[PDB]
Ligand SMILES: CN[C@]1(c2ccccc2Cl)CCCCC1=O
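Read the single chain below, which is given as structure tokens and is the form deposited without the named molecule.
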């Protein structure tokens, strides 16, 4: 038959929502850092196991209770209220380390205005040395300690890392990036000044060009020689790296960063304009579309990496050995540097990347504004202007350490220390709370009342012992295994692990603080206080 009715209906509407930066930039870097192919199967396994049920649970909670991530626990569990503060701290860390990629992309777009792209050659433009540009057009040999012009450009112009000898010695502040991050923060502040965006017409104009330009880039990379050598590396089973390597932590981090659960974005964006409107048929489709977009982005990235490895006549997993989040600005730059209309396509790609990053960061900073107004509506809910400006100033003051000369040493630290374990333990705590303290039977009855269809046997067993046990096992494996990294011939100092553990603790310590603080205000003995604090607050 092949009616394709599912592809016909609702797909043109769902495909416009799952467009974030966690799938075009975060997924390729994580996949290449752990090897292609051996990461897709654990990724999809962890997804199907603990990302779709949590997504559906958060959507149902936001649709039923209709409250922010700080006010949700006022009707579920008053003890576990520090989850809101943990989510706020996690979002602050995000906005502190997430805007660096946006500033780099804006600087690249600004520098990509000339007719001659700086990423093609390194003929002593500003500061170069030990260059190798002619790959195969002149048929020259490749030797050790040789770098392409793109890597030298990224390392010496947009992120001056030679000024700092490491993380222990940070240099000054580059104004060339501050002048762009200030404009980025001003544009962000001018977009959430009112906070009224539910079904605007801007989605149909900022989500149609990204997809067509991504397909153009895909067909350009496929029409490029040396592409078949990268496809085999992206589709290799490699059952050895699944057994006893520890790839589940990165997969879970990528899942919780790309989907949405963990940052309180779903409970804040879904608590309005929707109530009992065809539930159980949106979260799965959104997750499927997001996974498809992530797979397409990873396929394009690996197709470019295969050509890059075939040109260098080296291994696929040895091209970018210590390169972290710089995988995009190198492979994409080298791919655009071979297109006929290099300048125009580069400008269009950077523009769509900037717009996608803006659309992705507008939802992250919104889950905190609407959350405080639900807990303190007598002081902050009236202004709406002095609070968003204050949080913007706070996020800008905290984003000055990542703008240092050692930027690659700070972004790599807050990437798996403030987002990996923290979001994981926050999700585990909230899931076990909703499962045991609130009761799975009450949640199932509420879902049946608000939708008219009870969840299946697979969903009623996930939040009980499937996702919480998996999250606890991943947390234990992360705490028992050294998460030490390596980047640019300098792995990390000894105190880097302690600094990362302290950073990942200040966001989680809010929950025990509120647990030990709530038991003091309520009078009575220990058991009486526990019984009084377990029951939710009555209206």
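The term rigid core refers to the most C-alpha atoms you can superpose between the two forms while keeping them within 1.5 Å. Residue numbers count along the first chain shown, from 1.
The following text describes the form deposited with the named molecule bound, which does not appear among the structures shown.
TODO: Place the named molecule, as positioned in the deposited complex, onto this chain through superposition of its site C-alphas, and say whether the site is open or blocked according to the 2.4 Å backbone and C-beta criterion (3 or more atoms for blocked).
DONE: By the 2.4 Å criterion, blocked.
Task: Residue among 301, 103, 267, 259 with a heavy atom within 4.5 Å of the named molecule in the deposited complex - done: In short, 259.
Task: Partner-contacting position among 427, 94, 447, 159 - heavy atom within 4.5 Å of the named molecule in the deposited complex - done: By the 4.5 Å criterion, the partner-contacting residue is 94.
Open item on the list: Does any part of residue 118 reach within 4.5 Å of the named molecule in the deposited complex? Heavy atoms only, please.
Closed with: No - in the deposited complex, heavy atoms of residue 118 and the named molecule never come within 4.5 Å of each other.
Open item on the list: Considering non-hydrogen atoms and a 4.5 Å limit, does the named molecule approach residue 364 in the deposited complex?
Closed with: Flag for residue 364 set to yes.
Open item on the list: So, residue 133 and the named molecule: in the deposited complex, are they within 4.5 Å at any heavy atom pair?
Closed with: Result no; residue 133 lies far from the named molecule in the deposited complex.
Open item on the list: So, residue 98 and the named molecule: in the deposited complex, are they within 4.5 Å at any heavy atom pair?
Closed with: Contact check for residue 98: yes, within 4.5 Å of the named molecule in the deposited complex.
Task: Segment that reaches the named molecule in the deposited complex - one of 251 to 259, 305 to 313, 268 to 276, 330 to 338, heavy atoms within 4.5 Å - done: Heavy atoms within 4.5 Å of the named molecule in the deposited complex occur in 251 to 259.
- [ ] Quick one: name the residues from 262 to 276 with any non-hydrogen atom within 4.5 angstroms of the named molecule in the deposited complex.
- [x] Contacts from 262 to 276: just 263.
Task: Core-superposed comparison between the shown form and the other one - Cα displaced by 2 angstroms or more, from 288, 348, 466, 432 - done: The one that moves 2 Å or more is 348.
Task: Rigid core fit then residue 175 CA moved by 2 Å or more between the shown form and the other one - done: No: residue 175 shifts by under 2 Å between the shown form and the other one.
Open item on the list: Rigid core superposed, CA of residue 28 - does it shift 2 Å or more between the shown form and the other one?
Closed with: Yes, because once the rigid core is superposed, the C-alpha of residue 28 moves 2 Å or more between the shown form and the other one.
- [ ] For residue 82, decide whether the Cα shift between the shown form and the other one is 2 Å or greater, given a superposition on the rigid core.
- [x] No; that C-alpha moves by less than 2 Å between the shown form and the other one.
Task: Closer or farther: C-alpha pair residue 98/residue 17 in the deposited complex, relative to this form, given a change of 3 Å or more - done: Pair moves closer in the deposited complex.
- [ ] Look at the CA atoms of residue 249 and residue 506: state whether they lie closer or farther apart in the deposited complex than in this form, given a difference of 3 Å or more.
- [x] It is farther: in the deposited complex, the C-alpha atoms of residue 249 and residue 506 lie at least 3 Å more apart than they do here.
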